[PDB]
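Survey of secondary and tertiary structure
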Amino acid sequence: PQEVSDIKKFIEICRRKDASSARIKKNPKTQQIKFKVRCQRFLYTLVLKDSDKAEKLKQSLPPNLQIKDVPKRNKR
Amino acid sequence: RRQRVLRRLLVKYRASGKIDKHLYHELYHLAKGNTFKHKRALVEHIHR
Amino acid sequence: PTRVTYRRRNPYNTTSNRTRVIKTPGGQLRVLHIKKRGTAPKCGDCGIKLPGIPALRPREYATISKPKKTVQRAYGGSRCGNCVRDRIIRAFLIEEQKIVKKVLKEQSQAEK
Amino acid sequence: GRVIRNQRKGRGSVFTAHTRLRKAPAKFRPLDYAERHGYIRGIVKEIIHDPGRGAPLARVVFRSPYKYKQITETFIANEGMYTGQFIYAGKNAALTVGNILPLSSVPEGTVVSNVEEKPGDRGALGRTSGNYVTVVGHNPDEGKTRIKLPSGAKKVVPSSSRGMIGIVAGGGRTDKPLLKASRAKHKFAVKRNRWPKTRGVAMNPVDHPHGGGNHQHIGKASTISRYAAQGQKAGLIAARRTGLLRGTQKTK
Amino acid sequence: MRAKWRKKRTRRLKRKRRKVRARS
Amino acid sequence: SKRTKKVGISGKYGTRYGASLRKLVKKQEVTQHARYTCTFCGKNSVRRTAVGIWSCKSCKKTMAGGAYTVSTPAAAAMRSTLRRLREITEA
RNA sequence: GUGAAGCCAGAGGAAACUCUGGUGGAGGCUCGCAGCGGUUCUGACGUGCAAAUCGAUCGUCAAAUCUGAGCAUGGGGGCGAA
RNA sequence: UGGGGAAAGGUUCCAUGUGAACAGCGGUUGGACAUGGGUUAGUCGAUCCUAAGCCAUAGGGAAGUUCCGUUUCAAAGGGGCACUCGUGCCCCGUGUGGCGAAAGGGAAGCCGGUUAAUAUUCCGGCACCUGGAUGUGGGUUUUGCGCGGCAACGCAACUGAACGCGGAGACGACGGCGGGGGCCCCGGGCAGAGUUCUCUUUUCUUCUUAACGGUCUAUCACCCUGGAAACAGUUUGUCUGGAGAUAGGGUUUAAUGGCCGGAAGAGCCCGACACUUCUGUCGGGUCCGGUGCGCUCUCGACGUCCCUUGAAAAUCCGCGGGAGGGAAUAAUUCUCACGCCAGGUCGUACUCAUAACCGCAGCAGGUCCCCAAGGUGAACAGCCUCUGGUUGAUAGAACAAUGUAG
Ligand SMILES: [Zn+2]
Ligand SMILES: [Zn+2]
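Residues numbered from 1 in each chain as written, not as in the entry; some residues may be left out. Chains lettered and ligands numbered in written order. Part of a larger assembly, values for the part shown. Heavy atoms only, no water.

Per the deposited record, determination of this structure is attributed to cryo-EM, with the resolution reported as 3.1 Å.

Side note on the coordination of the zinc ion (ligand 2)
All names here are of chain F. Worth spelling out the cut-off: The rule for donors is simple: N, O or S, within 2.8 Å of the metal, or within 3.2 Å if the metal is Na, K or Ca. Water isn't counted, so a site may look like it is missing partners. Under the classification used here, a metal with four donors is tetrahedral if each angle lies between 85 and 135 degrees, square planar if opposite donors are over 155 degrees apart and the others between 65 and 115, a six-donor metal meeting that same test is octahedral, and anything else is irregular. Note on classification: 1.4 Å probe, protein chains only; a residue is buried when its accessible area is under 20% of the maximum for its type, exposed when over 50%, partly exposed between these limits.
Around the zinc ion (ligand 2), the donor atoms from the protein are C38 (SG), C41 (SG), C56 (SG) and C59 (SG), and they sit 2.3 Å away. In this structure, the zinc ion (ligand 2) is surrounded by four donor atoms whose angles at the metal cover 103 to 114°, and the resulting shape is tetrahedral. Summarised as a motif, the one-chain spacing of the donors to the zinc ion (ligand 2) is C-x2-C-x14-C-x2-C. Taking the relative accessible area as the measure of exposure, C56 reaches 3% and is therefore buried.

Here's the deal with the environment of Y13 of chain F
Applied cut-off: The numbering of helices and of strands both runs from the N terminus, where a helix is a DSSP run of H or I of at least 4 residues and a strand a run of E of at least 2. Contacts between residues were defined by any pair of non-hydrogen atoms, one from each residue, lying within 4.5 Å.
In this fold, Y13 of chain F is placed in the segment before α1 (19-32). When residues no more than four places from it in sequence are discounted, the contact partners of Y13 of chain F are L179 and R183 of chain D together with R22, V25 and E29 of chain F.

Some remarks on the packing of aromatic side chains
How we decide: Each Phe, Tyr or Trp ring (for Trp, its six-membered ring) is paired with any other whose centre lies within 6.5 Å, and the angle between the two planes then decides the class: stacked below 30 degrees, edge-to-face above 60, tilted in between.
Per the stated rule, a full pass over the model turns up nine aromatic pairs over all chains. Summarising the aromatic geometry, the rings of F10 of chain A and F35 of chain A are spaced 6.3 Å apart at their centres and angled 90° between planes, so their arrangement reads as edge-to-face. Of this pair, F10 of chain A sits in helix α1 (residues 8-14) while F35 of chain A sits in strand β3 (residues 32-38), and the two are 25 residues apart along the sequence. On the accessibility criterion, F10 of chain A (1% relative accessible area) is buried. Centroid distance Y24 of chain B to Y28 of chain B: 6.1 Å. Interplanar angle 55°. Geometry classified as tilted. With a gap of four residues between them, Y24 of chain B and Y28 of chain B both fall in helix α2 (residues 21-32), about one helical turn apart. Given a relative accessible area of 27%, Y28 of chain B falls into the partly exposed group.

Structure (structure tokens):
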């Protein structure tokens, strides 16, 4: 796991041949939004504190790869 | 414990300016010998 | 206050079976096996530890980039730097004494 | 009877020498052209102590006259040498403490050490802590030199033998008493298996010639002849005289 | 660096050169 | 506050090994544990490491000396003889 | 538990040097658990738990202390603080 | 008398069933009898290197089975290139075998779940090391092989053959003192449980954060200005200073320290609904400080003792030197980031002992290590308790002599 500091280069990571998937996890208690992408070697994480800019980010990324929501209590 | 207490007090006095180095050094060797029983006895000797 | 056990077949305390205690997200006390501690390289002449070079086991030095393994000057490794200055001064003065010695001998004693 | 103790030591099974901690033997350089006609010099790197011996050793580094490398050596250290000292070896070397020069280029009355019995065997005589040999006189024809050995005997050696000026370091090691049984054990535990030692009178007749009896005694003369079979030489061998040494010793 | 590290690098350059020669 | 009348350093041996034998060892122990001034740097820090090795704690020089003393009377007398003999004869 | 060298402060003396209070932590020193050993009861058992064990009482315990695996010495031979 | 291992044993492990025999009484039970099942590795070991030591080769003895010999009176080796094609050239040369450690040296994996019986191996998630091939991004170059700081030195890269020098691997016992992790201890808060004739804002339990990375720091030491006697700094323990102290400002070795990812989506504690079963679903909570000659492990700076000074090799890196090679329209032998492929062989069940090893046996004997709670107390002394484990050693009735123990 490795931090991605800003928004600009995070979309650069997602536009790669080996970006298999991505997911979204939201923490209601702390008002925080996390964007995760799975590459061949690492799992880059981008942290956003605001919620308005999150909506724009979701649609800017390429439509090929899937996006999930990470529900509560994932089944075994 | 007693040696650390006496030595710590002397450093505080020198930095503030209550005593100078010539009196500080002489009191240091007096404390190494069994001269001062406790903290109260040392400050009383300084005033005199 | 739970007690722990080893996780490998070696049951003896032989300066290569080194362990430390960790607490796991499952709320249990386990044992984690660790390696030995690297030693800092020394100077060639005086014998003190060089500054600016890390201390690792001898095999790990093959995976690190060059600038992290040296210092940018003459005799970058293996010499402290105080010893390097002595070499520069000593080498210069010795050769100067050689020039005057040979001129004195060749001129003042072979004039005939 | 059985085989007595001093006969077993020749088989070399338990009574060998401990040699794990000894690094190298102490010798001079081989005789070469440079040291036969001129001189060379070397640096003293370390003064080290090796187990099982007094007389601390010294490590000296020389160059190579024919190849691009340097050779390290191991000498016996004379008293007064220090790390970083320059020492010289050869025929024309100066006469100072620590130098090595042939025994011919030496005035009478000087003390030297580690003298070669024959030129090229790299040191045989006078190499123990605080010992030396003295030159007495020369014979310029049929070159041979008279020397006096530490034991007092006199010898004649060829004039080309080598020696190192001075006295072997280590001083008066044998003055203070050992004072403890343990201290004796530590001294011998790094040399050989010869400690402790049992008196022959306390054994049984099958073990030693001194044997048993209803009282502890020898029973016969303790001076043994020079030519006797092995297993008989237990005592004072070929003794010329006996008893406390009162007067002066005529032999010299 | 050890010899095997140097042997690998020079073998790569030799292979690269032949491909250029084969092409031209 | 002297703690001893005559025993001195050899008080760790208690009442063993006999009175006479303790005196000889004290003569030799006192002189080997002391400190001597260095001949090169001048500081007062030279101590014995091995049976015949003495080294300075400041300038790191190492010198070979006697068993329990930096120098011995026999060795000192020889240097002067050698120096006097050499310089008159060849100069 | 005892408290050896080294060090600090004060007092006495013409001097040489001597007293008093602390600091420090040496020794094949000492009481004493586990380990190792085996003095007495000439105790128990003595076709026994056991072809050498059991109980109480004992010796030493930071050093000539205790111990695992690998290797060497073979019968008129080995090894032996005897 | 708990939880796991080395030597040794060899199916004793798990399930179902059972007449006789064995378990010095019984037996529906069993380590017995009968029938089936069970041990998954690039990361844990062997495999690699040498030590004490053993055995080939050159040679010498002995009628002979064989004894000695390990670098010795030996013509003893290994490195590169190109050819259609192996078969052709060119350098260096003092040296030139194997075996020998599951406790020595050593490249690399952590958490959660799962089976009647195995898992650091299986499943899910997140990582690492070696070897072999190759492409993009960035860097360097027309002054051909980088810039900055007075300095200690710094950064994402930033040519380097022969030969040579140096470091790491690499090492004793003991003593007090300081920093870090774990355990123990005290106070407050949210949940559940025990007690209640009376008292007790009471007593007890849960409140967790791995490998691997980013960023800010932490003894020693080192650098710059200046020039100290009315001598100064200073450790529990008197060492340091014109060979440059005090003071002011900087660089650097060392996280089991703080914060962020991994990571709450996990694990744990309560509550409310569902039902032959295949099956469950949904709510909340998962905090804040203090203390010490405390116990244990680890790191650092000092000190004492010696006629005692406390292993070797494989492997890995830096430097001196300057062979060869290379652009002006691209080339590149850039130790930087990302990307492609692969990792063979054998062991892995269970006991380690008042029943699984050795003593003729299910024998009061013997047999090497790791972890270590509360009270009293100087204390790993003795006595009582919590987690965990047993309730297994032929039984019933009576109380004369003589016995063993108290
Ligand atoms: Zn240096
Ligand atoms: Zn000095």
